[PDB]
Amino acid sequence: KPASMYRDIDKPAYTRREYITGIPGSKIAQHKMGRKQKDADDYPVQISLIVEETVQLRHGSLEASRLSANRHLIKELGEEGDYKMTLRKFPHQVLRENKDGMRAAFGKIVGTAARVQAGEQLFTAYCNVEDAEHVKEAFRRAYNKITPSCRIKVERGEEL
Amino acid sequence: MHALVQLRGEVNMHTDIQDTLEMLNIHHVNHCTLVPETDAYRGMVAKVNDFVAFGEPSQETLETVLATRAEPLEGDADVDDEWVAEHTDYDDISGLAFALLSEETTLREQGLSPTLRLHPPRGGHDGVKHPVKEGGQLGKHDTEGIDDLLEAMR
Amino acid sequence: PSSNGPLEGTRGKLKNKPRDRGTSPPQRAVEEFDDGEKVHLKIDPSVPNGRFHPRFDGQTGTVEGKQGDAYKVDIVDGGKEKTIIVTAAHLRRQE
Amino acid sequence: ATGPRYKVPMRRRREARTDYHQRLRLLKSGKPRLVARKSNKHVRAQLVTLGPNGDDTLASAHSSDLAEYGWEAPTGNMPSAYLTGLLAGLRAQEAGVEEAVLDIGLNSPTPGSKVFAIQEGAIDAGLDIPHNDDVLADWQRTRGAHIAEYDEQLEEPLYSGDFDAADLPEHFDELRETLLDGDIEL
Amino acid sequence: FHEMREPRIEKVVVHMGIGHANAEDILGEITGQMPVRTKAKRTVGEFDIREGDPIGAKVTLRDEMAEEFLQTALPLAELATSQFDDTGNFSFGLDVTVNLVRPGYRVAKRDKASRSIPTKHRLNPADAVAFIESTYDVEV
RNA sequence: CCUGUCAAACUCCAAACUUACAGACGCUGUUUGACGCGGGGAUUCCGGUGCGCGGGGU
RNA sequence: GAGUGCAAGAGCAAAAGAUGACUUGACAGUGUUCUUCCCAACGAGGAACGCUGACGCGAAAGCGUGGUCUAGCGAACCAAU
RNA sequence: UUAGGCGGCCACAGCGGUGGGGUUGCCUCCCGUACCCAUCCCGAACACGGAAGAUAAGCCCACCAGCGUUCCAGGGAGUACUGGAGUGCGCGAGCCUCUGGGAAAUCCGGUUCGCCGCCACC
Ligand SMILES: [Cl-]
Ligand SMILES: [Cl-]
Ligand SMILES: [Mg+2]
Ligand SMILES: [Mg+2]
Ligand SMILES: [Mg+2]
Ligand SMILES: [Mg+2]
Ligand SMILES: [Mg+2]
Ligand SMILES: [Mg+2]
Ligand SMILES: [Mg+2]
Ligand SMILES: [Mg+2]
Ligand SMILES: [Mg+2]
Ligand code: NA
Ligand code: NA
Ligand code: NA
Ligand code: NA
Ligand code: NA
Ligand code: NA
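Residues numbered from 1 in each chain as written, not as in the entry; some residues may be left out. Chains lettered and ligands numbered in written order. Part of a larger assembly, values for the part shown. Heavy atoms only, no water.

- Deposited coordinates in this entry are attributed by the record to X-ray crystallography, at a stated resolution of 3.00 Å.

Written as structure tokens, this is what we have:
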């Protein structure tokens, strides 16, 4: 279904699983990517993707975007290139749907999303000064699969 | 000592606000009262801040107004030096005006109506939708800013 | 509310902050107030007996005689005057 | 200790010298507490009252200032106990104090114990204290008869220092006699 | 310093953890005083469901009664190292345990103003071996 | 140790703010009698909207 | 963090928990007050707190108006007692 | 207070650690079971009786901040949030300005190794 149905952060925080049940598994394959043995300190360049609007991102999008992003890094930097990107947000907010009309309308659990306040870092990849234009491209594709507009902001790196 | 001038109507105005305005002796738009600067008084003007225009007027200006708009506690009697003299603890309007600003007495303690019912601002005011810092007319003013209003409504 | 008992919604007010936990001191439980004195009502989470209906926490009544050891404190609920039977353990002197 | 949630006992509870649950029941009577306390070599008797910043001792009596009136025997036994109580009870009387409740602190209500003795003495001093006549040691053991009979099994003096050989519970009588006396500088 | 620090046996406990009696007899004769029924807590599948119920006995020995037990007890044992408590105590064996401590333990066992014994006054495995070993036998 | 996130039914913290009582100023009442008390007569118990805070619901 | 009969939230450590012993206050009578029903009228029911009488326990202060607290309840008429 | 008893506030008092302190004084540990009393077994404890020894415990005294806590400075931050106002902006979600309030985490440096009342006492 549309993200139009869940992109806003108007409902209350719904995460207490000691009361919620039947929560679908996170489609997010993995948060840690690249060479997860090396450190972010071992890299000169650090580029993050910043969500400009406060929103909710269903795990379907986190995966969808995170995927098409890392999938690119792999393609341009080999399956074991010298980089390491990270998805720092997790889908804690449970989402329901009222799928009887408005009678007993409390919805049934259907998914999970991650609340990101505008200005936060959804992604943060670390690379060497040469792969920067690749890590940037990995992000230009990733921000095309999530509700908000984003900024690709370079952190440590004036080697331009 | 500040001059309060209600610039916005009562309709839709919060009640606890309107009641404060009334406690400050103002019951109509364009009415003005001379309030001292105390913790208690500042607490009230703060609450009324959005529907009024206030500040400390210059002796000169206060005099023009007292002369032009002051009234007894009852009756038409024009307040002038002679009136002031024959009725108040002072010798003339200035003598009074000085006492008000110096906060030694109040329009009431002198058989004067607590309110100076001014005239609409000649040439209009800076608007009742924005404060002074935005070019409006609501809020605190310069001793000069307040005078323009008080005198425009002279 | 889902139910309408006396302790409904008193999770916060009738509970102690961890460090105030445990048996309260005896001094304030024996305090002797005099009629007319203004007092503050606040149930002591650690003291079981001598309580009053939670609704009145925060009230500041006036001691007006006692009943047995407990005190009879007059208060005004909204606009209605009421007399509250409470022991010192749950009282403080105003000022 | 551990963290922010940790609950530290009230000081006198840490020290383990005040039983608050019992202290509260005590304070309830409203009467002054007759604090009965012992020591290896001594026995103290205080008449305490409540106060704004703590308790008020209006009258006391320590087994040591007992000799100040003639005592020449040890100061941590029954005759000593009773006597210390009577003394405090007398000063108590002098202070305007009339009734009191027995605070035996962390001690045990063992029948005939020194505290009840302290209590018995104070009561005799004219103080009204809720007691139980038959929880008290019999008049003779108060005199210090059990002790004299122990030195009877002499062979070796029960007393190192010089104070008789078979001991003197009479000294007990002589001292009580001395207090019961109206004069005596309290 | 030495005097008010040199070890001493405070108690020697001797018990028999059966699991359901006629044992109280031997413990009586062997020690020199009456035994004590030993009850248990929690139900056990090993037909030990009954909570409060005789399951063993013990005897707490103090002073002569205790030494005069060890004088014959200790012999029947080949004391070791790993057999010592951290507080300088030790058990072996029918069970026989030896509680050791220095001249001021009453401070932690009384009622009035009690207090736990400072570590710097606790007994040690080593300091334990010493005192004991120094009494008709060998260590490890 | 290091490193990445959360909570309507979590809280080592913690507002604004709401609230009891008292004093002060203000305002008000003592011929316009306030506050309050006793009594007669009702109507009314389909509400709606804006704003703020909400809970449900694409 | 145990336990405290049962939801949930809350209370409790020389105890409100455990063990032991003794005991029947889970007593009779009659009230004050709060709650039921915030404010603000409304019954049954409930609780807190007193008095009178008689008792239990304790050395005693004291504690016991059932179970640590908030659920476990029912008019008139008629019957039985 | 050259070591005591009863407390109030109930961690600023907790946790941990170092140094010092007691011949007829104090508190203790300590010595010891005829008695009062005592252990579902132990004079361990409780209770009673007492001074041969000790300052090692405890306790009193001086001090240490590593942990926990109290308060304060600076920084975070007038940030987050927010009572009042707006024909200010934004498709919208939401934001902004004026007015009155104003955190929390964390960092850095101080603080804190209790304070106070009554009684007794070379
Ligand atoms: Cl109540
Ligand atoms: Cl004592
Ligand atoms: Mg007029
Ligand atoms: Mg014109
Ligand atoms: Mg205009
Ligand atoms: Mg709440
Ligand atoms: Mg509210
Ligand atoms: Mg009860
Ligand atoms: Mg019928
Ligand atoms: Mg029947
Ligand atoms: Mg030393
Ligand atoms: Na249906
Ligand atoms: Na987008
Ligand atoms: Na408490
Ligand atoms: Na009723
Ligand atoms: Na048995
Ligand atoms: Na010492």
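There is more to say, and it comes next.
### Remarks on the interface of chain C and chain D
Here is step 1 of the chain: Contacts between the two partners involve nine residues from chain C and, on the opposite side, 13 residues from chain D.
Here is step 2 of the chain: Where chain C touches chain D, the interface holds zero salt bridges.
Here is step 3 of the chain: Where chain C meets chain D, there are two residue pairs in polar contact. (Contact = heavy atoms within 4.5 Å. Salt bridge = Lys/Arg side-chain N within 4 Å of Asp/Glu carboxyl O. Polar contact = N/O pair within 3.5 Å; in protein donor to acceptor, adjacent residues only side chain to side chain.)

### Focus: the side chain of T115 of chain B
Residue and element names in this part refer to chain B.
Here is step 1 of the chain: Mapped onto the fold, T115 is located in strand β4 (residues 115-117).
Here is step 2 of the chain: For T115, a relative accessible area of 7% gives the class buried.
Here is step 3 of the chain: Of the polar contacts made by the side chain of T115, one reaches the backbone oxygen of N25; its length is 2.6 Å.
Here is step 4 of the chain: The residues touching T115, leaving out its near neighbours within four places in the chain, are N25, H31, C32 and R69. (Helix = DSSP H or I, 4+ residues; strand = E, 2+ residues; numbered from the N terminus. Buried < 20%, exposed > 50% of the residue type's maximum accessible area, 1.4 Å probe, protein only.)

### A word on the protein's contact with RNA strand H
Here is step 1 of the chain: Around RNA strand H, 92 residues are found, and the nearest of them are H130 of chain B, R11, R37 and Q46 of chain D together with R62 of chain E.
Here is step 2 of the chain: In RNA strand H, atoms within 4 Å of the protein come 72% from sugar and phosphate.
Here is step 3 of the chain: In the environment of RNA strand H, a phosphate oxygen lies 3.0 Å from a nitrogen or oxygen atom belonging to the side chain of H14 of chain B.
Here is step 4 of the chain: Only α1 (11-14), α2 (20-29), β1 (33-38), β2 (43-49), β3 (56-59) and α6 (145-151) of chain D together with β2 (36-38) and α3 (106-109) of chain E provide two or more residues apiece to the surface near RNA strand H. (Near = heavy atom within 4 Å.)

### Things to note about the nonpolar core
Here is step 1 of the chain: Grouped together as the largest cluster of nonpolar side chains are 43 residues, with contacts concentrated most on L34, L47, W71, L83, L102, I129 and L179 of chain D.
Here is step 2 of the chain: Contributing elements (two or more residues each) for this core: β1, β2, α3 (78-95), α4 (114-124) and α7 (169-180) of chain D.
Here is step 3 of the chain: Per-element tally for this core: the top contributor is α3 of chain D, with nine residues.
Here is step 4 of the chain: Counting 29 residues, the second largest nonpolar core, distinct from the first, contains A70, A97, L118 and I146 of chain B. (Core = buried A, V, L, I, M, F, W, Y, C linked by side-chain atoms within 4.5 Å.)

### So, the protein's contact with RNA strand F
Here is step 1 of the chain: In the vicinity of RNA strand F, 35 residues are found, and the nearest of them are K11, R96 and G107 of chain A, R108 of chain B together with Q94 of chain C.
Here is step 2 of the chain: When the atoms of RNA strand F within 4 Å of the protein are grouped by moiety, sugar and phosphate amount to 82% of the total.
Here is step 3 of the chain: In this structure, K38 of chain C approaches RNA strand F through a side-chain N or O atom, which is 2.9 Å from a sugar or linking oxygen.
Here is step 4 of the chain: A distance of 2.7 Å separates a base oxygen of RNA strand F from a polar side-chain atom of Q94 of chain C.
Here is step 5 of the chain: Split into classes, the residues belonging to the surface near RNA strand F amount to 13 nonpolar, nine polar and 13 charged. (Nonpolar A, V, L, I, M, F, W, Y, C, P; charged D, E, K, R; others polar.)

### Some points on the arrangement of the chains
Here is step 1 of the chain: Of all two pairs of chains that touch, the greatest number of contacts is found between chains C and D.
Here is step 2 of the chain: For chain B and chain E, which are not in contact, the least C-alpha distance works out to 56 Å.
Here is step 3 of the chain: What separates chain C from chain E at the closest point of their C-alpha atoms is a distance of 19 Å, and the two make no contact.

### Observations regarding the interface of chain E and chain D
Here is step 1 of the chain: Across the contact, five residues belong to chain E and seven residues belong to chain D.
Here is step 2 of the chain: Of all residues in chain E, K112, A113 and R115 of chain E give up the largest surface area on contact with chain D, accounting jointly for 79% of the area buried on that side.
Here is step 3 of the chain: Applying the counting criterion to the chain E and chain D interface returns zero salt bridges.
Here is step 4 of the chain: The interface formed by chain E and chain D holds two residue pairs in polar contact in total.
Here is step 5 of the chain: Considering only residue class, the side of chain E that touches chain D consists of one nonpolar, one polar and three charged. (Buried area = accessible area lost by both parts, 1.4 Å probe.)

### Details of the sheet that holds strand β3 (residues 52-55) of chain B
Residue and element names in this part refer to chain B.
Here is step 1 of the chain: Ordered by their spatial adjacency, five strands build an open sheet running β4-β2-β1-β3-β5, and the pairing between neighbours is mixed. The open sheet has two free edges, formed respectively by β4 and β5 (139-140), since each of these has just one partner strand.
Here is step 2 of the chain: Of the strand pairs in this sheet, strand β1 (residues 2-6) and strand β2 (residues 31-35) are connected by four bridges, and their pairing is antiparallel. Residue pairing across strands places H2 opposite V35, the latter belonging to β2. (Pairing = 2+ DSSP bridges.)

### As for the environment of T43 of chain E
All names here are of chain E.
Here is step 1 of the chain: Assignment of secondary structure puts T43 in the loop between β2 and β3 (56-58).
Here is step 2 of the chain: According to the relative accessible area criterion, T43 is exposed, its value standing at 57%.
Here is step 3 of the chain: Sequence separation of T43 and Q33 is ten residues, and the distance between their C-alpha atoms is 31 Å.
Here is step 4 of the chain: Those residues within four positions of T43 in sequence are excluded, and the remaining contacts are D48 and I49.
Here is step 5 of the chain: At 2.7 Å, the side chain of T43 forms a polar contact with the backbone oxygen of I49.

### Things to note about a negative patch on the surface
Residues and elements named next belong to chain B.
Here is step 1 of the chain: Together, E60, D126, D142, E144, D148 and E151 give the surface a local cluster of negative charge.
Here is step 2 of the chain: Ranked by the residues each element gives to the negative patch, the list is headed by helix α6 (residues 143-152), at three residues.
Here is step 3 of the chain: In this structure, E60 sits in helix α3 (residues 59-69).
Here is step 4 of the chain: Note on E60: relative accessible area 62%, which makes it exposed. (Patch = residues over 30% accessible without salt bridge, like charges linked within 9 Å, V, L, I, M, F, W, Y side chains within 5 Å. Areas by Shrake-Rupley, 256 points an atom, 1.4 Å probe, with all protein chains shown as cover. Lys, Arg positive; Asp, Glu negative; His and termini not counted. Charge placed at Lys NZ, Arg CZ, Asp CG, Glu CD.)

### Looking at the pattern of salt bridges
Here is step 1 of the chain: Tallied over the entire structure, the rule returns 31 salt bridges over all chains.
Here is step 2 of the chain: Here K99 of chain A ties to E97 of chain A by a salt bridge, and the two come within 3.2 Å at their closest N and O atoms.
Here is step 3 of the chain: We classify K99 of chain A as exposed; its relative accessible area is 61%.
Here is step 4 of the chain: Residue class for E97 of chain A comes out buried when judged on its relative accessible area of 16%.
Here is step 5 of the chain: Members of the salt-bridge network, linked through shared partners, are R23, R33, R37, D55 and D103 of chain D.

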